[PDB]
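Next comes protein.cif, a file with mmCIF, C-alpha atoms.
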```cif
data_entry
loop_
_atom_site.label_atom_id
_atom_site.label_comp_id
_atom_site.auth_asym_id
_atom_site.auth_seq_id
_atom_site.Cartn_x
_atom_site.Cartn_y
_atom_site.Cartn_z
CA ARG C 1 -5.79 -10.70 13.79
CA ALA C 2 -5.95 -9.92 10.06
CA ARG C 3 -3.11 -10.02 7.51
CA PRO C 4 -2.43 -7.99 4.34
CA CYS C 5 -2.21 -10.02 1.13
CA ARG C 6 -1.25 -9.00 -2.41
CA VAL C 7 -3.13 -11.37 -4.72
CA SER C 8 -2.53 -11.53 -8.48
CA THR C 9 -4.24 -13.40 -11.31
CA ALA C 10 -2.60 -16.08 -13.46
CA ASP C 11 -2.31 -13.70 -16.42
CA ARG C 12 -0.71 -11.01 -14.23
CA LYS C 13 -3.71 -8.87 -15.15
CA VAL C 14 -5.08 -7.55 -11.86
CA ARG C 15 -3.35 -7.33 -8.48
CA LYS C 16 -5.47 -6.62 -5.42
CA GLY C 17 -4.96 -6.04 -1.70
CA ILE C 18 -6.98 -8.30 0.58
CA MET C 19 -7.06 -8.50 4.36
CA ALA C 20 -7.05 -12.17 5.37
CA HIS C 21 -7.48 -13.68 8.84
CA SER C 22 -6.08 -16.99 7.60
CA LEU C 23 -5.42 -19.10 4.48
CA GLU C 24 -8.91 -20.62 4.47
CA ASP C 25 -10.55 -17.23 4.82
CA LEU C 26 -8.44 -15.68 2.08
CA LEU C 27 -9.38 -18.53 -0.23
CA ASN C 28 -13.00 -17.80 0.69
CA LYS C 29 -12.67 -14.08 -0.09
CA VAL C 30 -10.57 -14.02 -3.28
CA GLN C 31 -13.30 -15.64 -5.43
CA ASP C 32 -15.75 -12.77 -4.93
CA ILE C 33 -13.01 -10.16 -4.55
CA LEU C 34 -11.23 -10.92 -7.86
CA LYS C 35 -14.40 -11.78 -9.83
CA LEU C 36 -13.67 -15.51 -10.15
CA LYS C 37 -16.01 -17.88 -11.99
CA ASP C 38 -15.22 -20.72 -9.60
CA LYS C 39 -13.57 -20.86 -6.18
CA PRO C 40 -9.75 -21.23 -6.26
CA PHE C 41 -8.33 -24.46 -4.83
CA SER C 42 -4.71 -23.54 -4.10
CA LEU C 43 -2.75 -20.49 -2.99
CA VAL C 44 0.67 -20.14 -4.59
CA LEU C 45 3.65 -17.78 -4.63
CA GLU C 46 3.75 -15.51 -7.71
CA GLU C 47 7.54 -15.58 -7.61
CA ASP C 48 8.10 -19.28 -8.31
CA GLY C 49 4.81 -21.12 -7.76
CA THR C 50 5.66 -22.24 -4.23
CA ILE C 51 2.56 -23.85 -2.70
CA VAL C 52 1.08 -22.18 0.40
CA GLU C 53 -1.09 -24.87 2.01
CA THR C 54 -0.43 -24.39 5.73
CA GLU C 55 -1.55 -21.50 7.94
CA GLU C 56 1.87 -21.23 9.60
CA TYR C 57 3.76 -20.63 6.34
CA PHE C 58 0.97 -18.32 5.19
CA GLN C 59 1.40 -16.25 8.35
CA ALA C 60 5.20 -16.36 8.23
CA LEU C 61 5.48 -14.93 4.71
CA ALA C 62 6.44 -11.26 4.32
CA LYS C 63 3.68 -8.66 4.21
CA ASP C 64 4.63 -7.50 0.72
CA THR C 65 4.44 -11.08 -0.59
CA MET C 66 2.68 -11.28 -3.96
CA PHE C 67 0.35 -14.27 -4.10
CA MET C 68 -1.28 -16.09 -7.01
CA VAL C 69 -4.45 -18.13 -6.74
CA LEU C 70 -4.82 -21.31 -8.60
CA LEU C 71 -8.30 -22.17 -9.53
CA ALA C 72 -9.56 -25.59 -9.18
CA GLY C 73 -7.87 -27.34 -12.08
CA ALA C 74 -4.19 -26.88 -12.96
CA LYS C 75 -0.97 -25.22 -11.94
CA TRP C 76 1.26 -22.09 -11.88
CA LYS C 77 2.86 -20.45 -14.89
CA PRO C 78 5.78 -17.93 -15.01
#
```
Written as C-alpha cells, that's how I'd like the structure from this file.
Amino acid sequence: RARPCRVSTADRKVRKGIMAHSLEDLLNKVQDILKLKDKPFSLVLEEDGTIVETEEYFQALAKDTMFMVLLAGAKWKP
C-alpha cells in the first residue's frame, strides 16, 4: 500500500510529490526523481530536521508532511 510524500530539496528549490511504499523505497526513488548526483542517506522533516529512520514513524506521519532528503554527507539547515 503506497503513501504520498512531499519531498523538498535542501535549498527549498524544488518540491515534488512521490508515492512511496516505504522509507527504503522512497530513498530509492528520490535520487532519480529529484535529479540527485548521489543517493540520499537520510530522510528528515523539513519543519525542524527531525530524523525519519523507522518505517513506523514514516507511516505515522501526516499525508501533507513536507520531507527533506539529506544526501550522504551532512545535516539539515533551516
>> Evaluated on this file, the PyMOL selection byres ((chain C and resi 23) around 9) picks out some residues - which ones are they, written as a list in words?
In response: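 Applying the PyMOL selection byres ((chain C and resi 23) around 9) to the structure shown produces residues 20, 21, 22, 24, 25, 26, 27, 28, 43, 52, 53, 54, 55, 58 and 59 of chain C.
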> So which residues get picked by the PyMOL selection byres ((chain C and resi 48) around 12) here, written as a ChimeraX atom specification?
Replying inline: /C:44-47,49-52,65-68,75-78
>> Need the shell around residue 19 of chain C: protein/DNA/RNA residues with any atom at most 8 Å away, counting only C-alpha atoms. Skip same-chain ones fewer than 6 positions apart. Format as a ChimeraX atom specification?
In response: /C:2-5,26
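Considering only C-alpha atoms, the residue among C:6, C:13, C:35, C:1 positioned nearest to residue 64 of chain C is C:6.
Closest approach to residue 9 of chain C from the set C:29, C:42, C:70, C:63 is made by C:70, with distances taken over all atoms listed in the file.
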> What lies within 12 Å of residue 37 of chain C using only C-alpha atoms, ignoring chain neighbours under 6 positions off, as a ChimeraX atom specification?
Replying inline: /C:30-31,71-72
>> Measuring between only C-alpha atoms, which one of C:8, C:69, C:18, C:60 shows the shortest distance to residue 39 of chain C?
In response: C:69
> In terms of the shortest atom-to-atom distance over all atoms listed in the file, which of C:34, C:41, C:61, C:56 is closest to residue 16 of chain C?
Replying inline: C:34
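Shortest atom-to-atom contact with residue 73 of chain C among C:12, C:40, C:57, C:7: C:40, counting all atoms listed in the file.
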